[PDB]
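Trainee: Starting off with a structure, shown below.
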Amino acid sequence: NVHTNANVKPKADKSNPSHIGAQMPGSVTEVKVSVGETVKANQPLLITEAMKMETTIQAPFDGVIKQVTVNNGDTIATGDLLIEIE
Amino acid sequence: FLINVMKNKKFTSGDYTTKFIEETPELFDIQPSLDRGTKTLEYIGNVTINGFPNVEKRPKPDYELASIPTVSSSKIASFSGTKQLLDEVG
């Protein structure tokens, strides 16, 4: 592509605790976890930039990251799947 | 038409001649083939590409999941409210 800004992300299924969805339209500023990792509850796994403002996305529980749908500097839309955990 | 032939009494008996078709006018009893499924894809197809009357043409917005509370038909059927009152006294 030349970067990954054209990439369409699947929508997170809302009634599945494994699926973490994008809460706002933002930009992925920093990816912090990869496929097959295990960190504690509240682990800062993704850093988005909403609109000049920055929030870390945290894990709701303990578990193993199955998929990360995004890369650094990627645009996101409300309801976009970002992370899946076990 | 073929269904009609297959379903017909004279055909299933096995005793039928070359006259069978002409002597049975009700084989051309053909209703227009109702087609709900295709029509629905046409609508969605249309609104997706060309939008809806005075709704801001945009990506289908993100909607928060809805928990729709439910009550059993039977439970409803046991209820006696103002409707039953009306039928009761007028």
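We label chains A, B, ... in the order they appear in the structure tokens, count residues from 1 in each chain, and number ligands from 1 in the order shown.
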Near residue 73 (chain A), within 12 Å and counting only C-alpha atoms, which residues show up once chain neighbours fewer than 2 positions away are dropped, as a PyMOL selection string?

Mentor: chain A and resi 3-7+26-31+46-49+70-71+75-76

Trainee: Based on the backbone DSSP call, show me all residues of region 45-83 of chain B assigned alpha helix (DSSP H), as a list in words.

Mentor: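 Result set for region 45-83 of chain B (alpha helix (DSSP H)): residues 45, 46, 47, 48, 49, 50, 73, 74, 75, 76, 77, 78, 82 and 83 of chain B.
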
Trainee: Just C-alpha atoms for this one: save the residues we selected as a compact mmCIF listing (two decimals), in the first residue's frame.

Mentor:
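Saved the output as result.txt:
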```txt
# COMPACT_ATOMS: atom_id res chain seq x y z
CA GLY B 45 -28.76 -2.37 -2.56
CA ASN B 46 -30.51 0.88 -3.33
CA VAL B 47 -30.21 2.58 0.08
CA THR B 48 -26.56 1.50 0.41
CA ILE B 49 -25.58 3.09 -2.93
CA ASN B 50 -28.09 5.96 -3.31
CA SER B 73 -46.72 -14.95 25.60
CA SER B 74 -48.33 -17.21 28.22
CA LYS B 75 -47.62 -14.69 30.96
CA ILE B 76 -49.24 -12.01 28.79
CA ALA B 77 -52.14 -14.40 28.06
CA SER B 78 -52.83 -14.71 31.83
CA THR B 82 -58.48 -2.68 30.90
CA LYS B 83 -59.10 -4.48 27.60
```

Trainee: Within 12 Å of residue 61 (chain B), counting only C-alpha atoms, which residues show up once you throw out same-chain ones fewer than 2 positions away? Write them as a list in words, please.

Mentor: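 Counting only C-alpha atoms, the residues come to residues 11, 24, 25, 77, 78, 79 and 80 of chain A; 55, 56, 57, 58, 59, 63 and 64 of chain B.
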
Trainee: If DSSP is run on the backbone, what residues of region 25-56 of chain A are strand (DSSP E)? A reply as a count of residues only would be ideal.

Mentor: 17

Trainee: So how many Å separate CA of residue 39 (chain B) and CA of residue 1 (chain B), to one decimal?

Mentor: 23.6 Å

Trainee: Near region 27-37 of chain B, counting only C-alpha atoms, which residues have an atom at most 12 Å away, once you skip same-chain residues fewer than 6 positions from it, shown as a ChimeraX atom specification?

Mentor: /B:1-11,20-21,43-44

Trainee: Near region 59-62 of chain A, counting only C-alpha atoms, which residues have an atom at most 12 Å away, once you skip same-chain residues fewer than 6 positions from it, shown as a ChimeraX atom specification?

Mentor: /A:17-21,33,37-46,82-86

Trainee: Once you have the residues from the selection above, write them out as a PDB file, in the first residue's frame, restricted to C-alpha atoms.

Mentor:
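Dumped to selection_21.pdb:
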```pdb
ATOM      1  CA  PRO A  17     -15.808 -10.126  25.894  1.00  0.00           C
ATOM      2  CA  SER A  18     -12.849 -11.324  23.781  1.00  0.00           C
ATOM      3  CA  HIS A  19     -13.398  -8.485  21.286  1.00  0.00           C
ATOM      4  CA  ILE A  20     -12.225  -4.954  22.173  1.00  0.00           C
ATOM      5  CA  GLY A  21     -13.721  -2.218  19.967  1.00  0.00           C
ATOM      6  CA  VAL A  33       1.549  -5.804  22.208  1.00  0.00           C
ATOM      7  CA  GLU A  37       1.592 -12.235  24.508  1.00  0.00           C
ATOM      8  CA  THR A  38       0.437 -12.397  28.139  1.00  0.00           C
ATOM      9  CA  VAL A  39       0.340  -9.419  30.534  1.00  0.00           C
ATOM     10  CA  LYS A  40      -1.619  -8.619  33.762  1.00  0.00           C
ATOM     11  CA  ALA A  41      -5.068  -7.025  34.098  1.00  0.00           C
ATOM     12  CA  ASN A  42      -4.998  -3.321  33.107  1.00  0.00           C
ATOM     13  CA  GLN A  43      -1.996  -3.845  30.769  1.00  0.00           C
ATOM     14  CA  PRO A  44      -1.498  -0.810  28.469  1.00  0.00           C
ATOM     15  CA  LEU A  45      -1.694  -2.681  25.137  1.00  0.00           C
ATOM     16  CA  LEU A  46      -2.516   0.133  22.657  1.00  0.00           C
ATOM     17  CA  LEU A  82      -8.615  -3.527  17.756  1.00  0.00           C
ATOM     18  CA  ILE A  83      -7.694  -6.412  20.084  1.00  0.00           C
ATOM     19  CA  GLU A  84      -8.899  -9.903  20.991  1.00  0.00           C
ATOM     20  CA  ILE A  85      -7.922 -11.553  24.314  1.00  0.00           C
ATOM     21  CA  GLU A  86      -8.740 -14.845  26.123  1.00  0.00           C
TER      22      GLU A  86
END
```

Trainee: To one decimal place in Å, what is the distance between CA of residue 66 (chain A) and CA of residue 16 (chain A)?

Mentor: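 Interatomic distance, CA of residue 66 (chain A) to CA of residue 16 (chain A): 13.8 Å.
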